[PDB]
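Here's the structure, in structure tokens; my notes come after.
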Amino acid sequence: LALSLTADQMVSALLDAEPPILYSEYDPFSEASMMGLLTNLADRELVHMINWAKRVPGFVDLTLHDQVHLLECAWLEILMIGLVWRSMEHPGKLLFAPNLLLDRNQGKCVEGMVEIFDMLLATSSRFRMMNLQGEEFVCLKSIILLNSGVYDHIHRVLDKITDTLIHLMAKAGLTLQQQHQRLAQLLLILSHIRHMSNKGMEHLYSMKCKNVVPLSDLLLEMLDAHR
Amino acid sequence: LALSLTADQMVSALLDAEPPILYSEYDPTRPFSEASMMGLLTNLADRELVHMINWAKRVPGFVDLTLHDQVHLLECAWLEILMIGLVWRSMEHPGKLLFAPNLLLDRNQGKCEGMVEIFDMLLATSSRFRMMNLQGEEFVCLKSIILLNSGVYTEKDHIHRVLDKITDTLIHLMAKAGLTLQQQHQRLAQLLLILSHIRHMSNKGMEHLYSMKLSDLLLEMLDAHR
Amino acid sequence: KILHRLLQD
Amino acid sequence: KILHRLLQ
Ligand SMILES: Oc1ccc(-c2cc(-c3ccc(O)cc3)c(-c3ccc(O)cc3)s2)cc1
């Protein structure tokens with residue numbers, strides 16, 4: 001029952017709960033190579049995301065059914081907003097893994113849209129153009145976890161995370177007009193990340209029954225929630 | 001440019017630019033098949049699109065964009081604009097979706113063929129606007145945001161400039177409502193977070209419409225999505 | 001496209 | 001479901 005936190009207690013707890021940046025197998029590319037390398041990276045990242053979610057203040061206070069629902073609805077959003085964050089300082093490139101840096105060209109090696117690839121490039125470009133901070137990033141990732149699958153306590157946590165995000169802006173010396181304008185620009189991007197997720201979700205469900213790559217046991221169980 | 005209007009002039013232009021609420025070619029003496037709802041909601045969405053286009057032209061800043069950009073923004077956001085319009089007029093109808101003054105449906109015929117889930121999500125969205133007492137001035141702002149934001153990526157950073165002015169317009173309403181600064185910007189967040197769910201409902205309904213495959217204009221909008 | 005014409009009217 | 005055990 002950790003709703004009493006100050007913003008920096010919320011920030012430091014979220015910063016300390018960050019999963020690590022996992023490495024790929026990366027081989028120094030066909031449609032089977034990429035989809036296989038991203039699948040294994042995704043499956044290994046899912047087990048860290050689960051333990052990260054437990055460490056999100058308020059997530060443990062939910063029942064097991066609700067924790068399952070929130071993760072099943074937001075898990076690709078969370079991977080993509082992480083992908084977009086760690087790709088900031090590689091303009092025009094997506095850093096799936098520190099050894100798996102891809103650009104738009106091989107991003108076309110998948111029948112899945114390169115528009116999704118260019119949407120991720122656009123999203124990371126917007127983060128870079130407005131100097132998105134790591135403290136703000138972990139707040140946005142938390143909001144995805146608690147908001148995407150909401151259909152109270154979660155509404156009291158989202159409000160608190162909003163106050164937290166605005167504490168960051170405050171310090172320092174951006175004006176309220178640009179403080180809630182910055183908040184608005186941040187949250188509107190979450191609308192795009194949800195779009196990239198739905199678009200990406202519908203393609204993973206394609207390669208599911210299309211037998212392109214042996215998926216993971218855990219990865220297929222997330223896809224059974226989007227059907 | 002034209003984007004020099006005060007927040008209150010912004011509200012007035014949007015309020016006056018509101019499309020009408022159209023009616024359905026609905027026959028209550030006729031029963032409701034899966035294709036009946038499919039045909040009714042399709043014709044109603046199609047006649048609403050021509051009003052949405054002319055409404056979009058009256059949105060401050062939308063005229064400043066090129067024809068290719070206006071086509072793109074409307075091709076990505078049109079089903080979100082119908083849906084939040086649907087959610088808005090279903091506010092005073094708990095447990096029901098008011099597609100049209102004569103077409104008031106509930107979670108019984110909503111199952112009439114694929115996917116109910118969207119229906120409850122629209123209900124929950126309408127229930128969300130009800131519990132937080134969404135005001136019309138706040139609805140016209142969010143609907144404008146959907147038009148400009150959904151396709152900002154899917155030059156023109158003035159779209160961000162107009163978006164900044166709509167944000168300034170939104171909190172301007174809430175400040176003139178007794179809402180503290182804390183209550184003000186967390187309200188703003190609750191509204192913008194709902195736009196995520198509307199994006200989700202639209203993408204779900206979008207891929208459903210492509211599976212069940214009408215209006216010639218509606219088919220031009222579907223070709224943009226995939 | 002029908003959409004392109006309606007914006008041009 | 002695998003997600004159940006991983007969360008407990
Ligand atoms: O102003 C508006 C006009 C039309 C709509 C639509 C709502 C739906 C819908 C949503 C949920 C549900 O369970 C059933 C229908 C539309 C739809 C029509 C056919 C189809 O195959 C899929 C969705 S259109 C909203 C606002």
Side-chain angles (χ1 to χ4, degrees), chain A residues 74 77 81 123 127 130 132 136-137 139-151 154-155 157-166 168-169 176-177 179-180 182-197, chain B residues 7 10 14 76-77 80-81 83-85 87-88 121 124-126 129 131-132 134-135 137-152 159-160 162-164 166-175 177 179 181-202:
Chain A
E77 291 173 282
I81 194 175
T123 310
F127 276 8
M130 67 187 296
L132 198 268
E136 292 168 329
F137 162 74
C139 289
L140 293 175
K141 195 153 73 88
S142 296
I143 288 169
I144 298 173
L145 177 63
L146 297 178
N147 175 80
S148 284
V150 73
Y151 52 75
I154 301 181
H155 284 119
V157 174
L158 291 176
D159 295 331
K160 201 271 186 61
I161 298 181
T162 300
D163 302 321
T164 308
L165 197 49
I166 279 169
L168 272 306
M169 322 225 195
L176 274 38
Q177 205 221 44
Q179 187 167 140
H180 53 236
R182 165 106 156 164
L183 171 69
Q185 296 161 342
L186 289 189
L187 302 175
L188 288 186
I189 289 170
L190 268 51
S191 173
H192 292 111
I193 300 189
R194 169 88 98 152
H195 180 91
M196 297 186 288
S197 172
Chain B
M10 174 75 68
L14 299 184
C76 201
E80 299 186 67
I81 298 174
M83 275 182 181
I84 192 171
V87 168
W88 160 251
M121 261 185 288
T125 313
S126 182
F129 287 170
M131 299 187 302
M132 66 192 311
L134 210 278
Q135 305 295 298
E137 291 80 351
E138 295 178 315
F139 161 76
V140 299
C141 287
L142 295 179
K143 191 160 61 122
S144 290
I145 291 170
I146 295 171
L147 172 66
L148 298 181
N149 177 62
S150 289
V152 81
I159 301 176
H160 297 151
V162 181
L163 279 174
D164 292 332
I166 300 176
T167 295
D168 293 338
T169 295
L170 267 180
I171 42 88
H172 180 268
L173 276 326
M174 319 178 200
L179 272 64
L181 265 169
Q182 189 194 213
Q183 297 172 340
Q184 204 166 142
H185 49 232
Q186 75 186 35
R187 170 97 167 179
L188 172 64
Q190 298 168 342
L191 308 176
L192 301 178
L193 286 196
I194 288 177
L195 264 39
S196 181
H197 295 99
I198 293 174
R199 187 72 150 267
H200 177 86
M201 294 184 291
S202 166

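Every chain is numbered from 1 and lettered A, B, ... according to where its sequence line falls, protein lines coming before strand lines. Keep in mind that the numbers below use all heavy atoms, side chains included, and drop hydrogens, waters and symmetry copies.
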Student check: side-chain heavy atoms of B/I145 and B/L191 closer than 4.5 Å
no
Approximate separation, where rounding is to 0.5 Å, of B/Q184 CD and A/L176 CG:
8.5 Å
What one should report as the nearest heavy-atom pair of B/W88 and B/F139 is CB-CE1, 3.4 Å
Would a 4.5 Å heavy-atom cut-off, applied to side chains only, mark A/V150 and B/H197 as touching?
yes
Close side-chain approach of B/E80 to B/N149, heavy-atom, < 4.5 Å:
no
Would you say B/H172's side chain and B/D168's backbone share a donor-acceptor pair under 3.5 angstrom?
no
Expected output: side-chain B/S144 to main-chain B/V140 donor-acceptor under 3.5 Å
yes
Within-4.5 Å side-chain heavy-atom neighbours: A/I161 and A/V157:
yes
To the nearest 0.5 angstrom, please state how far the OG1 atom of A/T162 sits from the CD atom of B/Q186.
7.0 Å
So how far is it from B/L195 CG to B/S150 OG, rounded to the nearest 0.5 Å?
7.0 Å
Any heavy-atom pair between the side chains of B/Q135 and B/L173 that's under 4.5 Å?
no
A/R182 side-chain N/O to A/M130 backbone N/O, donor-acceptor pair under 3.5 Å:
yes
About how many Å separate CD1 of A/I154 and CG of A/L145, when rounded to the nearest 0.5 Å?
8.5 Å
Which is it for A/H180 and A/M169 under the side chain to side chain contact (heavy atoms under 4.5 Å, CB included) test, yes or no, and what are the steps along the way?
CA-CA 9 Å; A/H180 53 236; A/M169 322 225 195; over 6 Å; no
Heavy atoms, side chains only, cut-off 4.5 Å: are B/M83 and B/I146 in contact?
no
Could you measure the distance from the SG atom of B/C141 to the CG atom of B/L163? Nearest 0.5 Å is fine.
11.0 Å
Hey, is the main chain of A/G149 close enough, under 3.5 Å, to the side chain of B/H200 for a donor-acceptor pair?
no
Taking the side chain as every heavy atom from C-beta outward, state whether A/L165 and A/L140 have any pair of such atoms under 4.5 Å apart.
yes
Give, for atom CD1 of B/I194 and atom CG of A/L187, the distance between the pair rounded to the nearest 0.5 Å.
12.0 Å
Judged by modelled atom types alone, do B/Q190 and A/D159 share a side-chain donor-acceptor pair under 3.5 Å?
yes
Does the A/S197 side chain pair with the main chain of A/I193, one donor and one acceptor, at a distance under 3.5 Å?
no
